[PDB]
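The data block below is structure.csv; it holds CSV, N, CA and C atoms and all ligand atoms.
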```csv
chain,number,residue,atom,x,y,z
A,652,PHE,N,95.4,276.5,-16.1
A,652,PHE,CA,94.6,277.7,-15.9
A,652,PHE,C,94.8,278.1,-14.4
A,653,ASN,N,95.4,279.3,-14.2
A,653,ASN,CA,95.7,279.9,-12.9
A,653,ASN,C,94.5,280.6,-12.3
A,654,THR,N,94.0,280.0,-11.2
A,654,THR,CA,92.8,280.6,-10.4
A,654,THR,C,93.3,281.1,-9.1
A,655,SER,N,94.0,280.2,-8.3
A,655,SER,CA,94.7,280.5,-7.0
A,655,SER,C,95.9,279.7,-6.9
A,656,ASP,N,97.1,280.3,-7.1
A,656,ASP,CA,98.4,279.6,-6.9
A,656,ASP,C,98.6,279.3,-5.4
A,657,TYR,N,99.0,278.0,-5.1
A,657,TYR,CA,99.1,277.5,-3.7
A,657,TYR,C,100.6,277.7,-3.1
A,658,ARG,N,100.9,279.0,-3.0
A,658,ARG,CA,102.2,279.5,-2.3
A,658,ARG,C,101.7,280.2,-1.0
A,659,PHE,N,102.1,279.6,0.1
A,659,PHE,CA,101.7,280.1,1.4
A,659,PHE,C,102.8,280.0,2.4
A,660,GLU,N,103.4,281.2,2.8
A,660,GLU,CA,104.5,281.4,3.7
A,660,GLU,C,104.5,282.8,4.2
A,661,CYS,N,105.2,283.0,5.4
A,661,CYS,CA,105.3,284.4,5.9
A,661,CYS,C,106.2,285.3,5.0
A,662,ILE,N,105.7,286.5,4.9
A,662,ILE,CA,106.3,287.5,3.9
A,662,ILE,C,107.8,287.9,4.1
A,663,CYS,N,108.4,287.5,5.3
A,663,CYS,CA,109.8,287.7,5.6
A,663,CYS,C,110.7,286.6,5.0
A,664,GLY,N,110.1,285.4,4.9
A,664,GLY,CA,110.8,284.2,4.4
A,664,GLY,C,111.9,283.6,5.2
A,665,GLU,N,111.7,283.7,6.6
A,665,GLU,CA,112.7,283.2,7.5
A,665,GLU,C,112.3,281.8,8.0
A,666,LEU,N,111.3,281.7,8.9
A,666,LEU,CA,110.7,280.5,9.4
A,666,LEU,C,109.2,280.6,9.5
A,667,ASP,N,108.5,279.6,10.1
A,667,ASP,CA,107.1,279.7,10.6
A,667,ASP,C,107.0,278.7,11.7
A,668,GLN,N,107.4,279.0,13.0
A,668,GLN,CA,107.3,278.2,14.2
A,668,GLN,C,107.4,279.1,15.4
A,669,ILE,N,106.5,278.8,16.4
A,669,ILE,CA,106.3,279.7,17.6
A,669,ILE,C,107.5,279.5,18.6
A,670,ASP,N,108.3,278.5,18.4
A,670,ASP,CA,109.5,278.3,19.1
A,670,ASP,C,110.4,279.6,19.1
A,671,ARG,N,110.7,280.0,17.8
A,671,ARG,CA,111.5,281.2,17.6
A,671,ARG,C,110.6,282.4,17.4
A,672,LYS,N,109.7,282.4,16.4
A,672,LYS,CA,108.9,283.6,16.1
A,672,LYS,C,107.4,283.1,16.0
A,673,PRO,N,106.5,283.7,16.8
A,673,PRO,CA,105.1,283.2,16.8
A,673,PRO,C,104.4,283.3,15.4
A,674,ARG,N,103.5,282.4,15.1
A,674,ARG,CA,102.9,282.3,13.8
A,674,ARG,C,101.3,282.2,13.8
A,675,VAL,N,100.7,282.9,12.9
A,675,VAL,CA,99.2,282.9,12.7
A,675,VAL,C,98.9,282.2,11.4
A,676,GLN,N,98.0,281.2,11.5
A,676,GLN,CA,97.5,280.4,10.4
A,676,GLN,C,96.3,281.0,9.8
A,677,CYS,N,96.4,282.0,8.9
A,677,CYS,CA,95.3,282.8,8.3
A,677,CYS,C,94.3,281.8,7.6
A,678,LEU,N,93.3,281.4,8.4
A,678,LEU,CA,92.2,280.5,8.0
A,678,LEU,C,91.5,280.9,6.7
A,679,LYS,N,91.4,282.2,6.5
A,679,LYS,CA,90.6,282.9,5.4
A,679,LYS,C,91.2,282.6,4.1
A,680,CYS,N,92.6,282.3,4.0
A,680,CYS,CA,93.3,282.0,2.7
A,680,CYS,C,94.3,280.9,2.9
A,681,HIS,N,94.3,280.2,4.0
A,681,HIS,CA,95.2,279.1,4.4
A,681,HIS,C,96.7,279.5,4.2
A,682,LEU,N,97.0,280.7,4.7
A,682,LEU,CA,98.3,281.4,4.6
A,682,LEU,C,99.0,281.4,5.9
A,683,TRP,N,100.2,280.8,6.0
A,683,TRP,CA,101.0,280.7,7.3
A,683,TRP,C,101.9,281.8,7.5
A,684,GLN,N,101.6,282.8,8.3
A,684,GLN,CA,102.4,284.0,8.5
A,684,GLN,C,102.8,284.1,10.0
A,685,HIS,N,103.7,285.0,10.3
A,685,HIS,CA,104.1,285.2,11.8
A,685,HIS,C,103.2,286.3,12.4
A,686,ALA,N,102.8,286.0,13.7
A,686,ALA,CA,102.1,287.0,14.5
A,686,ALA,C,102.8,288.3,14.6
A,687,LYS,N,104.1,288.3,15.0
A,687,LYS,CA,105.0,289.5,15.1
A,687,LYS,C,105.4,290.1,13.7
A,688,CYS,N,104.8,289.6,12.6
A,688,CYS,CA,105.0,290.2,11.3
A,688,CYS,C,103.6,290.8,10.8
A,689,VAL,N,102.5,290.4,11.5
A,689,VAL,CA,101.2,290.9,11.2
A,689,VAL,C,100.6,291.8,12.4
A,690,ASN,N,101.5,292.3,13.3
A,690,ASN,CA,101.2,293.2,14.4
A,690,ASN,C,100.2,292.5,15.5
A,691,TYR,N,100.4,291.2,15.6
A,691,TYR,CA,99.6,290.3,16.5
A,691,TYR,C,100.6,289.5,17.5
A,692,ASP,N,100.0,288.8,18.4
A,692,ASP,CA,100.9,288.0,19.4
A,692,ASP,C,100.3,286.6,19.6
A,693,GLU,N,101.1,285.7,20.2
A,693,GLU,CA,100.7,284.2,20.4
A,693,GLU,C,99.8,284.1,21.6
A,694,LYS,N,99.9,285.0,22.5
A,694,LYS,CA,99.1,285.0,23.8
A,694,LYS,C,97.6,285.1,23.5
A,695,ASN,N,97.2,286.0,22.6
A,695,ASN,CA,95.7,286.1,22.2
A,695,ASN,C,95.5,285.3,20.9
A,696,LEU,N,96.5,284.6,20.4
A,696,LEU,CA,96.4,283.6,19.3
A,696,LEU,C,95.5,282.4,19.8
A,697,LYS,N,95.8,282.1,21.1
A,697,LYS,CA,94.9,281.1,21.9
A,697,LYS,C,93.4,281.4,21.8
A,698,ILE,N,93.1,282.7,21.8
A,698,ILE,CA,91.7,283.2,22.0
A,698,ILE,C,91.0,283.7,20.7
A,699,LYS,N,91.6,284.8,20.3
A,699,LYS,CA,91.0,285.7,19.2
A,699,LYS,C,91.3,285.2,17.8
A,700,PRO,N,90.5,285.6,16.7
A,700,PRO,CA,90.8,285.3,15.3
A,700,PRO,C,92.2,286.0,14.8
A,701,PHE,N,92.7,285.5,13.8
A,701,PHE,CA,94.1,285.8,13.3
A,701,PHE,C,94.2,285.7,11.8
A,702,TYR,N,94.7,286.7,11.1
A,702,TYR,CA,94.8,286.8,9.6
A,702,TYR,C,96.1,287.4,9.2
A,703,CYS,N,96.4,287.3,7.9
A,703,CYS,CA,97.5,288.0,7.2
A,703,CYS,C,97.0,289.4,6.7
A,704,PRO,N,97.9,290.4,6.7
A,704,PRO,CA,97.5,291.8,6.4
A,704,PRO,C,96.6,292.0,5.1
A,705,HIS,N,96.9,291.2,4.1
A,705,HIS,CA,96.2,291.3,2.8
A,705,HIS,C,94.7,291.0,2.9
A,706,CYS,N,94.3,290.1,3.8
A,706,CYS,CA,92.9,289.7,4.0
A,706,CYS,C,92.2,290.9,4.7
A,707,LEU,N,92.9,291.7,5.6
A,707,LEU,CA,92.3,292.9,6.2
A,707,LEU,C,92.0,293.9,5.2
A,708,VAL,N,92.9,294.2,4.3
A,708,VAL,CA,92.8,295.2,3.2
A,708,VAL,C,91.7,294.7,2.2
A,709,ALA,N,91.6,293.4,2.0
A,709,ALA,CA,90.7,292.8,1.0
A,709,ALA,C,89.2,292.9,1.5
A,710,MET,N,89.0,292.8,2.8
A,710,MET,CA,87.7,293.0,3.4
A,710,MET,C,87.3,294.5,3.4
A,711,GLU,N,88.3,295.4,3.3
A,711,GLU,CA,88.0,296.8,3.1
A,711,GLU,C,87.8,297.2,1.7
A,712,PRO,N,86.9,298.2,1.4
A,712,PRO,CA,86.6,298.6,0.0
A,712,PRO,C,87.8,299.1,-0.8
A,713,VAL,N,87.7,298.9,-2.1
A,713,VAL,CA,88.8,299.3,-3.1
A,713,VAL,C,88.4,300.6,-3.8
A,714,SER,N,89.4,301.5,-4.0
A,714,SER,CA,89.2,302.8,-4.7
A,714,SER,C,89.1,302.6,-6.3
A,715,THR,N,87.8,302.3,-6.7
A,715,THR,CA,87.5,302.1,-8.1
A,715,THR,C,86.0,302.2,-8.3
A,716,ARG,N,85.6,302.3,-9.6
A,716,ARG,CA,84.1,302.4,-10.0
A,716,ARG,C,83.6,301.0,-10.3
B,1,ZN,ZN,107.7,286.5,9.5
B,2,ZN,ZN,94.9,285.7,4.5
```
As structure tokens, what does this structure read like?
Ligand SMILES: [Zn+2]
Ligand SMILES: [Zn+2]
Amino acid sequence: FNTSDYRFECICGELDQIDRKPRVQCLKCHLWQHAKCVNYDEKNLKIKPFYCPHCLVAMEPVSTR
């Protein structure tokens, strides 16, 4: 019974390590994406909250009745 499939990786499918490309660990859905793939940076990763683009859209209302 499929409720939530546990596939979590950055949408480019290259790496996930701040050595090469900075990465945000989207706490809201345990999704490991890149900062420079979600329009974010590692400098404020130290400070501010960080998510994958789908969680932004999901917090926003959907066009339906
Ligand atoms: Zn990426
Ligand atoms: Zn997310």
Worksheet item: Which residues sit within 6.5 Å of ligand ZN 1 (chain B), counting all atoms listed in the file, listed as number ranges by chain?
Response: A: 661-666, 684-688
Fill in: Expected selection as number ranges by chain for ligand ZN 2 (chain B) within 7 Å, only N, CA and C atoms and all ligand atoms
A: 677-682, 702-707
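In this structure, CA of residue 657 (chain A) sits 24.1 Å away from CA of residue 713 (chain A).
Distance annotation: of A:691, A:696, A:708, A:683, the residue with the minimal separation from residue 659 (chain A) is A:683; atom set is all atoms listed in the file.
Between CA of residue 673 (chain A) and CA of residue 693 (chain A) lies a distance of 5.8 Å.
Backbone DSSP of chain A yields helix (DSSP H, G or I) at residues 686, 687, 688, 704, 705, 706, 707, 708, 709 and 710 of chain A.
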Practice prompt. Enumerate, as a ChimeraX atom specification, the complete set of residues in chain A that a backbone-based DSSP assignment places in strand (DSSP E).
Written response: /A:674-677,682-685
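Atom to atom, CA of residue 658 (chain A) and CA of residue 714 (chain A) stand 26.8 Å apart.
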